[PDB]
């Protein structure tokens, strides 16, 4: 033929069949032992998610949400993702004492449901009403963005203490139980309005620590609705929403490390 005879062509096939078969069987074996060394409830390493990311619902083309108020299908793209998220926080999804629980309607302290063990059933998560998100189809004019803190197993988000000076200096400082979120731009051509649990501009600490998908399915993380009823129009406004805390840090590279990058433009 090309290389060899039929007899040789066969033997080279019988070899590579057994050979690659063995190699596949060995590869799988090493994957088995790897998995055997891992927990079902907690990942081996967590230093790469460490400082929590802050992500929002409006799917930004490039950290930007520009549209026209005087146009219907101009914002119907951002309403798709906005709906996708909030559709999960339905009351019909949170039914019965299992696996949900009614928690303080005001920001409270942490809740420990034991260890990362299966020695108990599904760890009961705090309910969250999308109805706590006042004012927010969504904002056809002047968007109503929804913030979110990235989930990390066993992470206890710790707010800053009012020992020294603060950006939003001491205003509504629920020091003991709220992780604040203050959006900014100089360039003050807007109108910041925050909505959340208990009416505070933060995340209620009663939703922590997260026990993971395996030990807490259907779990709901707290949301923080932000509305920009800015009196300006037809210009790119670089708005940055920042979260503050002891376990919260940022990076010049990762522009989502505990903060937002939104470029709103109501070009109408």
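Residue numbers count along the first chain shown, from 1.
Which class fits the unmodelled deposited stretch between residue 185 and residue 186: none, 1 to 3, 4 to 9, or 10 or more? Going from residue 185 to residue 186, the model skips 4 to 9 residues of the deposited sequence.
In this entry, is the chain continuous from residue 136 to residue 137, or are deposited residues missing in between (none, 1 to 3, 4 to 9, 10 or more)? The entry has 4 to 9 unmodelled residues between residue 136 and residue 137.
Where do the C-alpha atoms have the higher mean temperature factor in this entry, in 25-33 or in 58-66? Mean CA B-factor is higher for 58-66.
Name the higher of the two by mean Cα B-factor in the PDB entry, 250-258 versus 13-21. Mean CA B-factor is higher for 250-258.
Which one of 46, 216, 229, 221 shows the biggest C-alpha B-factor in the PDB entry? Among 46, 216, 229, 221, the highest C-alpha B-factor in the entry belongs to 229.
Test of reading the entry: by CA B factor among the chain's modelled residues, which third contains residue 98? Highest third - that is where residue 98 ends up once the chain's C-alpha B-factors are sorted.
Compare the C-alpha B factor of residue 128 with those of the other modelled residues in its chain, then answer lowest, middle or highest third. Middle third, going by the recorded CA B-factors of the chain.
Using the temperature factors of the C-alpha atoms in this entry, rank residue 83 within its chain: lowest, middle or highest third. Middle third of the chain for residue 83's C-alpha B-factor.
Can you tell me whether residue 147 has a C-alpha B-factor in the lowest, middle or highest third compared with the other modelled residues of the same chain? For residue 147, whose C-alpha B-factor we compare with every modelled residue in the chain, the answer is the lowest third.
Relative to the other modelled residues in the chain, which third contains the C-alpha temperature factor of residue 153: lowest, middle or highest? Lowest third, going by the recorded CA B-factors of the chain.
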